[PDB]
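Protein chains in written order, with our numbering: chain A, 368 to 774; chain P, 40 to 243; chain X, 8 to 633; chain S, 19 to 158; chain Z, 10 to 44; chain H, 150 to 297; chain D, 1242 to 1516. C-beta atoms are modelled at their ideal positions from N, C-alpha and C, and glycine is treated no differently. See structure below.
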Amino acid sequence: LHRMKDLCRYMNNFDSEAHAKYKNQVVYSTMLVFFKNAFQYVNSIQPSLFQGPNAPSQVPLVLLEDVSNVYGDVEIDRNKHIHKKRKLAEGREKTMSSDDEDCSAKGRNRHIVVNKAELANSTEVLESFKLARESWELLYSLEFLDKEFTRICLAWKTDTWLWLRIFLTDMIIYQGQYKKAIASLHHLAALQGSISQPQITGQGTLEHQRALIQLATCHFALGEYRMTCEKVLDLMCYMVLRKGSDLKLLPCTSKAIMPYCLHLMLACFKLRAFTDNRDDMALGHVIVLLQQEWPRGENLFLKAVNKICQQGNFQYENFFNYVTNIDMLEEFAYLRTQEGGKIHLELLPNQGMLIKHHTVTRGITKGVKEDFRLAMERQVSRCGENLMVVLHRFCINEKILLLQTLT
Amino acid sequence: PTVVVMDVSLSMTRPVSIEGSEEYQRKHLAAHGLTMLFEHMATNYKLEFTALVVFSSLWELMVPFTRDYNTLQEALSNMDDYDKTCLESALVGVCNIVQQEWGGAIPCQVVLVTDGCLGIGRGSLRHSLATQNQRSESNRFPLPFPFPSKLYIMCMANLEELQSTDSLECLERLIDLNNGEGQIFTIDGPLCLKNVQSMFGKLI
Amino acid sequence: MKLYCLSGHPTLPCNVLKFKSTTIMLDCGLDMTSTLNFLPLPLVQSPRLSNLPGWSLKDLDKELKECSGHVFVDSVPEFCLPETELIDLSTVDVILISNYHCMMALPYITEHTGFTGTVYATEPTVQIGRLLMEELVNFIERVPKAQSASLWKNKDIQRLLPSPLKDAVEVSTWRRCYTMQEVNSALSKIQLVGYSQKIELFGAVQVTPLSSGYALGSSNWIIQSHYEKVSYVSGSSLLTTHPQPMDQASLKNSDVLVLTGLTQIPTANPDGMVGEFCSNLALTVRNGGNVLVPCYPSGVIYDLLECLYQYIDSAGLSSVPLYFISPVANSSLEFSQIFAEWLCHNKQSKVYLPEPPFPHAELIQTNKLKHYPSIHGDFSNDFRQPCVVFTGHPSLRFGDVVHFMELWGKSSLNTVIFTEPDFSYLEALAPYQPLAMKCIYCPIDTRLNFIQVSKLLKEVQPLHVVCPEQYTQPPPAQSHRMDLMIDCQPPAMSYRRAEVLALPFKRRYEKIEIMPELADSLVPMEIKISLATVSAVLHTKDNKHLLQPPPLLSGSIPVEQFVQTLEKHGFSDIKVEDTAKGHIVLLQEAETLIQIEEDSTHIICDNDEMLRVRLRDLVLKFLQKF
Amino acid sequence: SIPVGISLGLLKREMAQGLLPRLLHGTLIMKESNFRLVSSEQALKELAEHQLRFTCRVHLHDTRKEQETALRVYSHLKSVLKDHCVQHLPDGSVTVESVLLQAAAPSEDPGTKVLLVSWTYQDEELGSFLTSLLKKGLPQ
Amino acid sequence: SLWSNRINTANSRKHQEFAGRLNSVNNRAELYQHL
Amino acid sequence: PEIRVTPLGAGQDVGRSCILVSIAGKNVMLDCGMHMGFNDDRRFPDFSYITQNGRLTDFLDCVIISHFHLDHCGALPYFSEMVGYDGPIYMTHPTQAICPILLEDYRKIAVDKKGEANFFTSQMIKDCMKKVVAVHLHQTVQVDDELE
Amino acid sequence: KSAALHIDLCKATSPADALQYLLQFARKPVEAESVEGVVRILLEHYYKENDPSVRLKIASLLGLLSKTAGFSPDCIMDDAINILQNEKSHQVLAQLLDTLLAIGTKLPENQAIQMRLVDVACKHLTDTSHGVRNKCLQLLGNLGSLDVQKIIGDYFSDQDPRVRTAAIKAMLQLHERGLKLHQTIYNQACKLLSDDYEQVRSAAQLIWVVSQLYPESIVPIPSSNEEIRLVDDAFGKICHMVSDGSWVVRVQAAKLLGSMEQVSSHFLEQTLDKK
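See the structure below:
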């Protein structure tokens, strides 16, 4: 990077035909060297995709870009909303397969964020990421050099060959393009399915684990609420065991797969909360699902509860089923009292459906008290259960009941 | 020469975020109380007596007149709650009862154990009561009464649960009500609560 | 890091621990329960066994014989060896004998597998193990029997066979008895080490046995690597037992603990069982009957006869004689007598005086205790009908016990006692079921019960605990007594037969040595704590890393002090400006450039000697050696 | 003898180097009643850890081109170093032990060629000695 | 130095002494001085 | 780092072996011998060498004996009891068995010479040896925090 | 019926039940075509599975199959060296080196196979694990006949005593094969005689071998200028080595000392007296 910067510094100031030709040749050589270095780093860091799993290599891992900035509740893109954002994503262009564009330069300001306890060699990974970012910035420093590199990448036909696709995915991971990596993973999964082994239409499997991880990372990075909800519903129904985009290293084992559903649900809830079209049911669902981050999430949940307050005519089939956190139950109890809404509500499992079937009276109050006592006893019986099972069960029930209600 | 108050609120039944320190509901522990400290205080202070009086919004009674506190505690159980969560009125009534009973010349301390649940933004009106010289509108504010009294609230919970349920925020507001005339713990999270045992030992 | 478990037996462990650049085989642990299925080997061929009926076979009934609805193999007894094929036994280098019971089946591993390493044990364990091995070989070879039934071992026949044989696991791995020549071959490779004797393996691993307190010579081992300690627990006793008292302090601060040798049928109280056994033999003698007590020559018979002579002296029933029959009976008694250092403090106090430790020598001198090598060896002439007999193997499949109980099986007046908690006595009596003989099962188990080991763990608090899955579950006899359940705040994982376990401990730092000159090379500087850095060549021999002579630089320089020093130095052409992307200053003194930027730093220095010296001095004024 | 501990990765690397001349650094921190050695990468876990690296400039005056001279220098070094270098870098850079040699253009001056080299003190002494030996005499 | 400080720590680990070693000159010590 | 050694008795002769060493400030008593023919009470070492009077256990924390021969353990009774010592003593078990009767017989022989005015007693020998801790062969006993 | 074995292996769960099924299949006997099929099934599952212990068991079963008398192990040797190049775990690597020992013992005639085995052995000898080093040295000792001697001699100075014992045993095996030894090994073994551990000293037999091979050879003392034959200095070495406190080493030294009968009697008379 230092040599490239010194060369560019001398090249830009000098304006001559021979100087321009020398600068172009140096830029081409530097681009080739950077590509070779990125390929070597990709091969050394994780050669699991390079050869068979039984072959010797380092510890398996999967790369995913952090979406902490995008997932922020306060950072709501109310100016564009969903329709304009979707139109911008389409870009008034065909939906056919395309690549070799590189319409972003966030790698220069991007930095690798990872916990030192997660991997001993995390410093080396961060240094390699910084070097790759510097090389990409040097390549994109000159418009002509960037155009030549894009033309070379397009002529390479990365989407044709499997090895070319793997190289393109490694280059995209080094730069930051998650879409190219997702497309390469999908192509690899399709190629694996084309083999004599059994094939499925993108179903959860060990062979398609990389594709599922890439899809989850893309869903988390993007603000697509509908896609995240669909992915969460599919996973629940059939489960298988600063500024700019950031980067992080996470294990590729089942530990990351298990929290993917919870992360997707949290991202969907955050997107729904940040949506302009606020609703009482959506606010309550977001508040129930907001017990993942604090203090912004707690403030958002409190604001949603205050906005809802004593709506009364609220539609909810399994609102209590998804709630597992004690904070949501405490907030609902506080809202039900005279402080928030001063109106009775339902909190037992499937209490809303039962309450809607008959008028509230002394007998109905006694029945609700008995149901609450039974629910408390059931909770005490299995108090050690985590919220992941509750969220998965609620998502599965919602998918079984009213999947077609979406859109 | 002491007062013991136990909270049996339904909110305390649920855990902080997942479970408790002792893998049990906080409300059950609160109802049971500090067994070791209470037993030590009872055994060491054999010549100590106390009475329980409950009055929040209306006159009521559940434990008959008896010297033994164990009988009163047993009688307190198996009772139904009432739709009332008054704080300022309950505190005023307790202060009035204390003033009527002990007078203004008997040296004694009054301690009330109350959660003091409130809200953020919506429940901002509570600040007016805590401030005596709050402009000309609150110039004729009876609170605080012209007598020696103080209110203290002690609790421990996780940071996320405290923010969500306004547990630590209520304690901070109560401390700020008396112009910060007290100490505030700096530790937070899954840290233990050994300070209670030290306080009990120092007091006896 | 890796622990391999071969034997599924609770009290007869066979485990292999892969520890750093060494691997340790823990115990041999012959599983004697397999022999219970076979027909017994009488010293004199009884008519009953000859006329015993066969059993139906579709594919030829001579292969098997049946008694009391239980099919028995009518061949030589065979022993269930540990699943040794899981790991190449040639690889392992060390074997840590814990007790004479656990060292059984050692000839198999030493000879058959081609193992060429070393073995370690305590002297009483070696001697008593030699006694047990030679006596069992003698029992097998006294009346040789052909290997006349092999086809029954097929899985199809096993499925076709009823439950008492179908429950057997890895029948194919069963083996016939070794010979005394193999025993001599195996015991040649053993090395004798006493209690609390540190033994270093290849300059990498320290291993030490500690007094288990269960039986004399029995020891509990520890494995140490300074920053990593692995402790192995075997049969231990906290009771008022004859051997040297159990050591508890040395097992503290142990990373990984391995638990073995807990009591079978833990509910039994050994003291009450001994008293009840004394009562039973007393009433048998009062009725005029004879008592048979099958037991080893181990510590169980020793403390049993201690309590027994005390009881009969209290009751004045010393008239009847004592008969202890075994090929190594006299040797066992004399070995028990001489090994006085390994006993408890009371015995050591006794042997400080000229008197021997145990008092049965006084009985031998006064002829009130009598023993013979076998039945034929003049014991027949000196035998008297009203008496009590200790002899034979507790499995009842061989030894003089077979002939004795065949002789006394018919008469209900005589009695037979059981004292060894190592077999299900109902199975043992199954080949001899149709009898009027009175049988009482009152085992004495001096090992640690569940509550004792739980107390030990709560007193020690090891990070992790490993034990067989049998302990993790309640016993099948009760299946409801949750008190007899090992309780641990850590998960305390377990295993089954042929189950490989990976240790949770992952310590990543070992020991090294440094000589004083390297230590003096540092010049620590106060910061708040001392800092140091050195650079030495690494030398290692016999896994002993050493450092002897043949570092990064962190020159945190504050901006303001550097500016003051530069101004005071008197260099010309000093320019200070405040602009974006940090402060940048252009110095034309020697074409030097100093750039300050967040998350980066660049240093430029020319090759001029004087400028190099000035820069080195300036850095040295504010140099932190780290 | 002073008992201290060594990070496992450093010892593994040291044994690998020894199996198939290289000397090992040492960085230790005074601890409570003990002393512990820790590698540079592992020492960064104490965070802060502000890393400062020196980069001396070696100036040469010759009319020959850069890349061919770099190849000649690589050949000369690999001949002198008795084939101790069996690794290469993609951007025409050759590294020995822990010193990086790369071709970099000067800042503003076209009439003079300057390169940047960075090293630690243990590498600095060897680099200074080797540069002095080269300046003593070469086929120039 | 680190060695210097370490030796100071080792030397700081001290206990009682014998009067005869303090009195010893030419190394040899006198036993039963009264005799 | 210093090692301090100053044996008294048998350094250039035979008998009265007594080797006092303070390797790291931990005094170790390696032997307590005697030599017959010293009718002037020179049989035993100089207890005053450690300090004039006082508790020996304050200074010494470990005592070692080679074997039952009087030139290696003859002066043990008076040194342990008369001077006053109740600290740890380590020696092998067979030596503990053979030693007392030999010491008692030697004490009786000294009584026959009528030199028993300032000599041992049977009761104090029994008291001291009952307090002695035995040791097994190759028993790497850690007698102190750092000393074994 | 290879189909039954294949389907039973597929139905078996990978972590635990697979180990038991493979053990049960191993205990029962096998046939030549059955071996030829199950070896490929084992290799395919070895590729598929990534557990250490399971791969170790597969390597052990490969070694057991290689010892079959009637089998023609030619292609499986190629697959074995391939997986050797691909193997990572050191325990499984040592097991595969055991399989290479088995194949070398089985087929000692093919020279190309022999040199392939020795080069891959010395390649994997670079590993830090002591066990694989021992196995590689055993291969080098077994496979020889007309540089390997110098390579193993360099490894005499290894820190691990087990590797040194393996080196001396490999030298003894190579001598048993009949190759002509060098003389530099004498001083190297002389250095080994000062080792603390017992097996290394007992094995260092090697000086007896070299003394028997060249007893008349003249050797100079490093300190003294006088010249002494190899036989006499080796005799003196064994003489002052018998003073060692390891009784097994003493018995070995005396026995191998008896086998020497090519030394002058005057020196024996000088060294047997008490003065």
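- In the three-state DSSP reduction, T599(X) falls in the strand class (E or B).
- In this structure, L545(X) lies away from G129(S), with their beta-carbon atoms at least 8 angstroms apart.
- Pairing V300(X) with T98(X) gives a Cβ-Cβ distance that is not under 8 angstroms.
- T595(A) places its beta carbon 8 angstroms or farther from that of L552(A).
- If you draw a straight line from the Cα of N1351(D) to the Cα of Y1287(D), it is about 27 angstroms long.
- Counted as a single uninterrupted DSSP element, the alpha helix (DSSP H) harbouring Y389(A) occupies residues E384 to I412.
- Approximately 6 angstroms separates the beta-carbon atoms of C134(P) and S188(P); this is inside 8 angstroms, confirming the contact.
- The beta carbon of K100(S) does not come within 8 angstroms of any beta carbon belonging to chain D, so the residue lies off that interface.
- Annotation: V423(X) to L296(H) spans about 55 angstroms, alpha carbon to alpha carbon.
- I214(H) places its beta carbon less than 8 angstroms from that of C222(H).
- Contact check between the segment 196–206 of chain X and the segment 82–100 of chain X: fewer than three CB pairs, one atom from each, fall below 8 angstroms, which does not count as touching.
- As summarised for the segment 574–614 of chain A, the continuous alpha helix (DSSP H) elements at least 4 residues long and confined to that stretch are 576–588 and 592–604, given in chain order.
- For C194(P), the three-state secondary structure derived from DSSP is coil.
- Within the same chain, and ignoring the five residues on either side of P497(X) in sequence, the residues whose Cβ sits closer than 6 angstroms to its Cβ are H471.
- DSSP, reduced to helix, strand and coil, places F26(X) within a strand of the structure shown.
- Look at the beta carbons and you see the segment 185–201 of chain H not touching the segment 557–569 of chain X: under three pairs across the two are nearer than 8 angstroms.
- In terms of CA proximity to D1292(D), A1257(D) leads the group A1267(D), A1335(D), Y1438(D) and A1257(D).
- DSSP links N52(S) through a beta bridge to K49(S).
- Looking at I214(P), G228(P) and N197(P), the one whose alpha-carbon comes closest to that of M51(P) is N197(P).
- Among the residues of chain A, those whose CB is under 8 angstroms from the CB of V55(P) are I693, following chain order.
- Contact residues of the segment 341–357 of chain X toward chain H are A347, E348, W349, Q355 and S356 (C-beta to C-beta distance below 9 angstroms).
- Taking each of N1466(D), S1465(D), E1457(D) and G1486(D) in turn and checking the Cα distance to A1475(D), the smallest one comes out for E1457(D).
- Rounded to the nearest whole angstrom, the C-alpha separation of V281(H) and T244(H) is 11 angstroms.
- At a cut-off of 8 angstroms between beta carbons, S33(Z) makes no contact with chain X.
- Every unbroken stretch of the beta strand (DSSP E) spanning 3 or more residues and falling wholly within the segment 235–276 of chain X is given here in chain order: 236–240 and 263–266.
- Our two residues, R1403(D) and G1382(D), have alpha carbons roughly 15 angstroms apart in a direct line.
- The DSSP assignment places 170–173 and 187–194 as complete runs of the alpha helix (DSSP H) inside the segment 170–237 of chain X, in order along the chain (cut-off: 4 residues).
- C-alpha of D262(X) to C-alpha of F193(H): approximately 50 angstroms in a straight line.
- Cβ contact annotation for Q1429(D) (same chain, cutoff 7 angstroms, sequence separation greater than five): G1394 and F1397, in chain order.
- A Cβ-Cβ contact shorter than 8 angstroms links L46(X) with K72(X).
- Contact annotation: in the segment 1397–1422 of chain D, residues whose CB is within less than 7 angstroms of a CB in chain X are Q1400, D1401, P1402 and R1403.
- Contact between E118(X) and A193(X) is confirmed by a C-beta separation of about 6 angstroms, below the 8 angstroms threshold.
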